[PDB]
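A.B. asks: Next comes the structure file target09.txt, holding compact mmCIF, N, CA and C atoms.
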# COMPACT_ATOMS: atom_id res chain seq x y z
N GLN A 245 -77.10 -39.20 58.78
CA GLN A 245 -77.65 -38.17 57.93
C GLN A 245 -79.17 -38.17 58.04
N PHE A 246 -79.76 -36.99 57.84
CA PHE A 246 -81.08 -36.66 58.38
C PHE A 246 -81.96 -36.19 57.23
N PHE A 247 -83.07 -36.88 57.00
CA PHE A 247 -84.03 -36.53 55.94
C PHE A 247 -85.36 -36.14 56.56
N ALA A 248 -86.29 -35.70 55.71
CA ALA A 248 -87.68 -35.46 56.08
C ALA A 248 -88.52 -35.37 54.82
N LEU A 249 -89.83 -35.25 55.03
CA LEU A 249 -90.84 -35.19 53.98
C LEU A 249 -90.97 -33.78 53.42
N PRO A 250 -91.47 -33.64 52.19
CA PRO A 250 -91.69 -32.29 51.65
C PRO A 250 -92.85 -31.55 52.30
N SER A 251 -93.77 -32.26 52.95
CA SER A 251 -94.86 -31.58 53.66
C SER A 251 -94.34 -30.87 54.91
N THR A 252 -93.49 -31.55 55.68
CA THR A 252 -92.82 -30.95 56.83
C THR A 252 -91.32 -31.15 56.66
N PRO A 253 -90.63 -30.20 56.02
CA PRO A 253 -89.16 -30.24 56.02
C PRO A 253 -88.55 -29.63 57.27
N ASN A 254 -89.36 -29.09 58.17
CA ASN A 254 -88.83 -28.48 59.38
C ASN A 254 -88.34 -29.54 60.36
N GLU A 255 -89.07 -30.64 60.49
CA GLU A 255 -88.75 -31.65 61.49
C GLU A 255 -88.41 -32.97 60.81
N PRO A 256 -87.35 -33.65 61.24
CA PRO A 256 -86.88 -34.85 60.52
C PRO A 256 -87.72 -36.07 60.85
N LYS A 257 -88.16 -36.76 59.79
CA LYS A 257 -88.91 -38.01 59.88
C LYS A 257 -88.00 -39.22 59.74
N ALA A 258 -87.37 -39.37 58.59
CA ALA A 258 -86.55 -40.52 58.25
C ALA A 258 -85.08 -40.15 58.34
N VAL A 259 -84.26 -41.04 58.89
CA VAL A 259 -82.82 -40.85 58.92
C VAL A 259 -82.14 -42.12 58.42
N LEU A 260 -80.82 -42.04 58.29
CA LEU A 260 -80.04 -43.06 57.61
C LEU A 260 -78.58 -42.85 58.00
N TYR A 261 -77.67 -43.62 57.40
CA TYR A 261 -76.27 -43.63 57.82
C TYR A 261 -75.38 -43.60 56.59
N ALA A 262 -74.08 -43.80 56.82
CA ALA A 262 -73.09 -43.85 55.76
C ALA A 262 -72.01 -44.84 56.16
N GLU A 263 -71.49 -45.59 55.19
CA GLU A 263 -70.66 -46.74 55.51
C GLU A 263 -69.47 -46.87 54.56
N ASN A 264 -68.32 -47.21 55.12
CA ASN A 264 -67.10 -47.40 54.34
C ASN A 264 -66.90 -48.88 54.02
N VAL A 265 -68.00 -49.57 53.72
CA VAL A 265 -68.01 -51.02 53.65
C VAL A 265 -67.23 -51.52 52.44
N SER A 266 -66.26 -52.39 52.69
CA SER A 266 -65.39 -52.91 51.64
C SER A 266 -66.17 -53.92 50.81
N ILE A 267 -66.94 -53.41 49.86
CA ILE A 267 -67.86 -54.22 49.07
C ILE A 267 -67.06 -55.03 48.05
N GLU A 268 -67.23 -56.35 48.09
CA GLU A 268 -66.67 -57.25 47.11
C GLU A 268 -67.75 -58.25 46.70
N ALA A 269 -67.43 -59.08 45.74
CA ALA A 269 -68.36 -60.08 45.23
C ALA A 269 -67.55 -61.23 44.69
N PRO A 270 -67.36 -62.29 45.47
CA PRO A 270 -66.53 -63.41 45.00
C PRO A 270 -67.24 -64.31 44.00
N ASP A 271 -68.53 -64.11 43.76
CA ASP A 271 -69.33 -65.09 43.03
C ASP A 271 -70.19 -64.49 41.93
N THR A 272 -69.94 -63.25 41.50
CA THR A 272 -70.72 -62.64 40.43
C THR A 272 -69.80 -62.33 39.26
N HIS A 273 -70.11 -62.89 38.10
CA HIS A 273 -69.39 -62.55 36.89
C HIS A 273 -69.94 -61.31 36.21
N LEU A 274 -71.00 -60.71 36.77
CA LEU A 274 -71.43 -59.34 36.51
C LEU A 274 -71.85 -59.14 35.05
N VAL A 275 -72.90 -59.86 34.66
CA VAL A 275 -73.48 -59.65 33.34
C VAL A 275 -74.24 -58.32 33.35
N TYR A 276 -74.28 -57.66 32.19
CA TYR A 276 -74.90 -56.35 31.96
C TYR A 276 -74.29 -55.26 32.86
N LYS A 277 -73.08 -54.91 32.53
CA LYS A 277 -72.75 -53.56 32.98
C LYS A 277 -73.21 -52.56 31.93
N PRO A 278 -73.92 -51.51 32.32
CA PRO A 278 -74.29 -50.46 31.37
C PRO A 278 -73.12 -49.52 31.12
N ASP A 279 -73.36 -48.54 30.26
CA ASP A 279 -72.29 -47.66 29.82
C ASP A 279 -72.04 -46.57 30.86
N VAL A 280 -70.83 -46.55 31.41
CA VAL A 280 -70.29 -45.41 32.13
C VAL A 280 -69.00 -45.02 31.44
N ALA A 281 -68.69 -43.72 31.44
CA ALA A 281 -67.50 -43.27 30.72
C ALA A 281 -66.22 -43.75 31.38
N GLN A 282 -65.84 -43.12 32.49
CA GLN A 282 -64.74 -43.58 33.33
C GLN A 282 -65.01 -43.34 34.81
N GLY A 283 -66.16 -42.80 35.18
CA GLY A 283 -66.33 -42.14 36.45
C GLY A 283 -66.57 -43.07 37.62
N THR A 284 -67.08 -42.48 38.70
CA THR A 284 -67.37 -43.19 39.93
C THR A 284 -68.66 -43.99 39.77
N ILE A 285 -69.16 -44.55 40.86
CA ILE A 285 -70.34 -45.43 40.77
C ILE A 285 -71.56 -44.53 40.86
N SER A 286 -71.85 -43.87 39.74
CA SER A 286 -72.95 -42.90 39.71
C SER A 286 -73.40 -42.73 38.26
N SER A 287 -74.46 -43.44 37.89
CA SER A 287 -75.35 -43.06 36.81
C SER A 287 -76.66 -43.76 37.10
N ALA A 288 -77.74 -43.27 36.50
CA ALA A 288 -79.03 -43.94 36.65
C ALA A 288 -79.02 -45.31 35.99
N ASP A 289 -78.16 -45.50 34.98
CA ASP A 289 -77.99 -46.80 34.36
C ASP A 289 -77.17 -47.73 35.24
N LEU A 290 -76.05 -47.24 35.80
CA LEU A 290 -75.12 -48.05 36.59
C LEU A 290 -75.73 -48.55 37.89
N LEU A 291 -76.86 -47.98 38.30
CA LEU A 291 -77.58 -48.46 39.47
C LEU A 291 -78.23 -49.82 39.23
N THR A 292 -78.37 -50.27 37.98
CA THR A 292 -79.02 -51.57 37.76
C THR A 292 -78.02 -52.71 37.92
N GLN A 293 -77.10 -52.85 36.95
CA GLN A 293 -76.01 -53.83 36.88
C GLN A 293 -76.40 -55.24 37.38
N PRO B 148 -92.96 -52.22 23.98
CA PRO B 148 -91.67 -52.29 24.66
C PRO B 148 -90.58 -51.43 24.04
N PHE B 149 -90.69 -51.07 22.76
CA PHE B 149 -89.63 -50.31 22.11
C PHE B 149 -89.87 -48.81 22.27
N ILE B 150 -88.79 -48.06 22.46
CA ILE B 150 -88.85 -46.61 22.63
C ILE B 150 -87.90 -45.95 21.64
N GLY B 151 -88.43 -45.03 20.84
CA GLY B 151 -87.60 -44.19 19.99
C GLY B 151 -88.12 -42.77 20.01
N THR B 152 -87.23 -41.83 19.65
CA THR B 152 -87.52 -40.42 19.88
C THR B 152 -88.51 -39.86 18.85
N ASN B 153 -88.20 -39.97 17.57
CA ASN B 153 -89.03 -39.36 16.53
C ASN B 153 -89.89 -40.43 15.86
N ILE B 154 -91.09 -40.02 15.45
CA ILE B 154 -92.02 -40.86 14.69
C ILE B 154 -92.61 -40.01 13.58
N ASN B 155 -92.47 -40.46 12.34
CA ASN B 155 -93.17 -39.83 11.22
C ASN B 155 -94.07 -40.85 10.53
N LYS B 156 -94.86 -40.36 9.58
CA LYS B 156 -95.84 -41.21 8.92
C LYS B 156 -95.24 -42.09 7.83
N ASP B 157 -94.02 -41.80 7.39
CA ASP B 157 -93.46 -42.54 6.27
C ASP B 157 -93.06 -43.95 6.68
N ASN B 158 -92.51 -44.10 7.88
CA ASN B 158 -92.06 -45.42 8.30
C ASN B 158 -92.34 -45.67 9.78
N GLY B 159 -93.21 -44.89 10.41
CA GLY B 159 -93.46 -45.07 11.82
C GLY B 159 -92.31 -44.55 12.65
N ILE B 160 -91.75 -45.40 13.48
CA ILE B 160 -90.72 -45.02 14.43
C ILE B 160 -89.36 -45.40 13.86
N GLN B 161 -88.34 -44.63 14.22
CA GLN B 161 -86.97 -44.99 13.91
C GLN B 161 -86.44 -45.98 14.94
N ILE B 162 -85.35 -46.66 14.58
CA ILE B 162 -84.64 -47.56 15.48
C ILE B 162 -83.17 -47.18 15.62
N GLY B 163 -82.75 -46.09 15.00
CA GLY B 163 -81.37 -45.67 15.07
C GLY B 163 -81.08 -44.62 14.01
N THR B 164 -79.80 -44.30 13.90
CA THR B 164 -79.35 -43.34 12.90
C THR B 164 -77.92 -43.69 12.50
N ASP B 165 -77.53 -43.22 11.32
CA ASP B 165 -76.18 -43.43 10.83
C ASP B 165 -75.26 -42.33 11.36
N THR B 166 -74.00 -42.33 10.92
CA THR B 166 -73.05 -41.34 11.41
C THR B 166 -73.31 -39.98 10.77
N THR B 167 -73.22 -39.90 9.45
CA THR B 167 -73.69 -38.72 8.74
C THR B 167 -75.21 -38.74 8.83
N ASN B 168 -75.75 -37.88 9.70
CA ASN B 168 -77.00 -38.15 10.39
C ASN B 168 -78.21 -38.12 9.47
N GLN B 169 -79.07 -39.11 9.63
CA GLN B 169 -80.32 -39.33 8.92
C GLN B 169 -81.08 -40.38 9.72
N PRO B 170 -82.39 -40.24 9.91
CA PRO B 170 -83.13 -41.24 10.68
C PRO B 170 -83.24 -42.59 9.98
N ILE B 171 -82.58 -43.59 10.55
CA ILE B 171 -82.63 -44.96 10.06
C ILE B 171 -83.84 -45.63 10.72
N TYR B 172 -84.88 -45.86 9.93
CA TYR B 172 -86.17 -46.27 10.47
C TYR B 172 -86.24 -47.79 10.63
N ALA B 173 -87.45 -48.29 10.87
CA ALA B 173 -87.71 -49.70 11.09
C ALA B 173 -88.40 -50.30 9.87
N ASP B 174 -88.05 -51.54 9.54
CA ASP B 174 -88.79 -52.25 8.51
C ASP B 174 -90.16 -52.64 9.05
N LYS B 175 -91.16 -52.58 8.18
CA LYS B 175 -92.50 -53.01 8.56
C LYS B 175 -92.58 -54.51 8.78
N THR B 176 -91.67 -55.26 8.16
CA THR B 176 -91.77 -56.71 8.15
C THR B 176 -91.28 -57.32 9.46
N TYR B 177 -90.01 -57.09 9.80
CA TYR B 177 -89.39 -57.76 10.93
C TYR B 177 -89.00 -56.82 12.05
N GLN B 178 -89.41 -55.56 11.99
CA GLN B 178 -89.10 -54.60 13.04
C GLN B 178 -90.38 -53.93 13.51
N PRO B 179 -90.46 -53.52 14.78
CA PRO B 179 -89.56 -53.82 15.90
C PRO B 179 -89.77 -55.25 16.37
N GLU B 180 -88.72 -55.85 16.92
CA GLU B 180 -88.79 -57.22 17.39
C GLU B 180 -89.76 -57.30 18.56
N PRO B 181 -90.42 -58.44 18.74
CA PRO B 181 -91.25 -58.61 19.94
C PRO B 181 -90.46 -58.65 21.23
N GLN B 182 -89.16 -58.95 21.19
CA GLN B 182 -88.38 -59.16 22.40
C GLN B 182 -87.59 -57.95 22.87
N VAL B 183 -87.44 -56.91 22.05
CA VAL B 183 -86.64 -55.75 22.44
C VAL B 183 -87.39 -54.95 23.50
N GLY B 184 -86.81 -54.87 24.70
CA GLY B 184 -87.43 -54.11 25.78
C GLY B 184 -86.49 -53.14 26.47
N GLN B 185 -86.36 -53.26 27.79
CA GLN B 185 -85.44 -52.43 28.56
C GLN B 185 -84.45 -53.30 29.31
N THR B 186 -83.18 -52.91 29.25
CA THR B 186 -82.17 -53.54 30.06
C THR B 186 -82.05 -52.89 31.43
N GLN B 187 -82.82 -51.84 31.70
CA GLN B 187 -82.86 -51.20 33.00
C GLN B 187 -84.23 -51.39 33.64
N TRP B 188 -84.24 -51.73 34.93
CA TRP B 188 -85.50 -51.94 35.63
C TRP B 188 -86.25 -50.63 35.86
N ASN B 189 -85.53 -49.52 35.94
CA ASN B 189 -86.16 -48.23 36.17
C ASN B 189 -86.50 -47.57 34.83
N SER B 190 -86.82 -46.27 34.88
CA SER B 190 -86.95 -45.38 33.73
C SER B 190 -88.07 -45.81 32.78
N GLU B 191 -89.27 -45.92 33.33
CA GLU B 191 -90.47 -46.00 32.51
C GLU B 191 -90.68 -44.63 31.88
N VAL B 192 -90.27 -44.49 30.62
CA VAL B 192 -90.18 -43.17 30.02
C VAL B 192 -91.56 -42.70 29.57
N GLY B 193 -91.70 -41.39 29.47
CA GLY B 193 -92.97 -40.80 29.09
C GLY B 193 -92.83 -39.29 29.03
N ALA B 194 -93.79 -38.68 28.33
CA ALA B 194 -94.03 -37.24 28.15
C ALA B 194 -92.97 -36.53 27.32
N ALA B 195 -91.85 -37.17 27.00
CA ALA B 195 -90.92 -36.64 26.01
C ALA B 195 -90.41 -37.68 25.03
What would you get if you wrote out this structure as structure tokens?

C.D. replies:
Amino acid sequence: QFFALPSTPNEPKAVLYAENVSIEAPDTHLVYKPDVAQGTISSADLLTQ
Amino acid sequence: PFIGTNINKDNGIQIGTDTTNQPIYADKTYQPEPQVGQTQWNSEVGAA
């Protein structure tokens, strides 16, 4: 996937990828989960954890 | 470190509200605590 700056959005500067990585954590008891209702991994709060 | 929405002159800043809504303010004596901050690293709030 292809990004760029707001000064030149015509030509791409920075790019990046996407991954189906099976993320697990065998060693985190996960203190401070913030409030999410029921949804996916998407809130500005849930980004901290 | 503490952030609340409304501030009036009677008690300074609120720290919460009850169910049947009314601004539950802070005591001058022991509120706000020196340790209450942010549990999120982001969101340095301002202008609202």

A.B. asks: If we count only N, CA and C atoms and set the cut-off at 8 Å, which residues sit around region 164-181 of chain B, ignoring sequence neighbours fewer than 6 positions away in its own chain? Please answer as an MDAnalysis selection string.

C.D. replies: chainID B and resid 148:149 158

A.B. asks: Take the residues that were just selected and, keeping N, CA and C atoms, output them as a PDB file, keeping the file's coordinate frame.

C.D. replies:
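Result file follows (out.pdb):
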ATOM      1  N   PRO B 148     -92.960 -52.220  23.980  1.00  0.00           N
ATOM      2  CA  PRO B 148     -91.670 -52.290  24.660  1.00  0.00           C
ATOM      3  C   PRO B 148     -90.580 -51.430  24.040  1.00  0.00           C
ATOM      4  N   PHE B 149     -90.690 -51.070  22.760  1.00  0.00           N
ATOM      5  CA  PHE B 149     -89.630 -50.310  22.110  1.00  0.00           C
ATOM      6  C   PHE B 149     -89.870 -48.810  22.270  1.00  0.00           C
ATOM      7  N   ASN B 158     -92.510 -44.100   7.880  1.00  0.00           N
ATOM      8  CA  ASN B 158     -92.060 -45.420   8.300  1.00  0.00           C
ATOM      9  C   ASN B 158     -92.340 -45.670   9.780  1.00  0.00           C
TER      10      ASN B 158
END

A.B. asks: Which chain A residues have any atom within 10 Å of an atom of chain B, and for each, what is the nearest pair of atoms with distance in Å to one decimal, counting only C-alpha atoms, rows sorted by chain and number, as a Markdown table?

C.D. replies:
| residue | atom | partner | partner_atom | distance |
| --- | --- | --- | --- | --- |
| A:276 | CA | B:186 | CA | 8.0 |
| A:277 | CA | B:186 | CA | 9.9 |
| A:278 | CA | B:186 | CA | 8.6 |
| A:288 | CA | B:189 | CA | 8.3 |
| A:289 | CA | B:187 | CA | 6.7 |
| A:290 | CA | B:187 | CA | 9.1 |
| A:291 | CA | B:187 | CA | 8.8 |
| A:292 | CA | B:187 | CA | 6.1 |
| A:293 | CA | B:187 | CA | 8.3 |

A.B. asks: Build an axis-aligned box that encloses every atom of region 160-171 of chain B listed in the file, pad it by 8 Å on each side, and report its centre and edge lengths in Å to one decimal, as lines of an AutoDock Vina configuration file.

C.D. replies:
center_x = -82.4
center_y = -42.7
center_z = 12.2
size_x = 34.7
size_y = 25.7
size_z = 22.9

A.B. asks: Between CA of residue 192 (chain B) and CA of residue 280 (chain A), what distance in Å does the model show, to one decimal?

C.D. replies: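 Result for CA of residue 192 (chain B) versus CA of residue 280 (chain A): 20.1 Å, one decimal.
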
A.B. asks: What does the distance between atom C of residue 259 (chain A) and atom C of residue 191 (chain B) come to in Å, to one decimal place?

C.D. replies: 28.0 Å

A.B. asks: Kindly give the distance, in Å, that separates CA of residue 247 (chain A) and CA of residue 262 (chain A), rounded to a single decimal.

C.D. replies: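 Those two atoms sit 13.2 Å apart.
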